[PDB]
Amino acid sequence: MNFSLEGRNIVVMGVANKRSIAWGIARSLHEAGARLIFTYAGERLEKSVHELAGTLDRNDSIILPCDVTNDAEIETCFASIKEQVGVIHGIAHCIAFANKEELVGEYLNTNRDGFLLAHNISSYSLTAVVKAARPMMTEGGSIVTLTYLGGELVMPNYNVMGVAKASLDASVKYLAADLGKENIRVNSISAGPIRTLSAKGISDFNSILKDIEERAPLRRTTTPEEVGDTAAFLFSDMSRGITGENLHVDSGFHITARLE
């Protein structure tokens, strides 16, 4: 086996701009040879994502809308993919949302509507996309989602997104147990903090990143390319023994408890 993704069609869900973790993943996968299908939420991202995809050195990308709020766009999107490419070999699920005011101060700033919205977008959407993709994954495949340490432990302010990530992380395991008999693997990458659009609203994020640079074993914060290169492994056949796993790409921060 080898690391090449030539002849693999991979859906990358969640590019918003060039700082998106999904854009780090798309670059790594394209460099490995994959043909990419980008999905975006919101008509104003369409041109953005088309332009970023156009910087890739092959012009073979497909770009499609897919809001994951309910099933309707999911069905439209995956029908297009089925007609255009026939078979899907992977999905990178890079989607999260919660109401921003719930991600400041106490976790108890959430409420039922917000809690269920965060779980719908951040956790159920993986299952919804799996459901729509499964019958087109006829040649085996690999599904990767992104999680964060605040789904395992309390991270200040992460709040209802931590609870939704814990739901996502459990779903990765149950999906992996349903799909491995069809040679479909399901894993996550637990990325360290990265200054993306989804970092806007964190207080004193510069202090968080500085502390990671001091406390993490490798003495540096995570990049989208580190995350991308681990995702290229997970979509390749090199990782075929691995499913239901959560790989921390966080400079080792997960093994530490405090800064000396």
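A residue's number is simply how far along the shown sequence it sits, counting from 1.
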Query - Selected stretch [higher average CA B-factor]: 23-31 or 47-55 - result: 47-55
Query raised in the report: Comparing 62-70 with 207-215, where is the mean C-alpha B-factor higher?
Result: 207-215
Query raised in the report: Which one of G162, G180, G114, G86 shows the top CA temperature factor in the record?
Result: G86
Query raised in the report: From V104, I143, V129, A96, which pick has the Cα B-factor that tops the rest in the entry?
Result: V104
Query raised in the report: For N187, does the deposited CA B-factor place it in the lowest, middle or highest third of the chain?
Result: lowest
Report task. For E139, return the chain-relative third of its C-alpha B-factor as stated in the PDB record: lowest, middle or highest. Result -> highest
Query raised in the report: According to the PDB entry, is the CA B factor of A231 in the bottom, middle or top third of its chain, that is, lowest, middle or highest?
Result: lowest
Query - Among modelled residues of the same chain, the CA temperature factor third for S123 - result: lowest
Query - Third assignment of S80 from its chain's C-alpha B-factors - result: highest
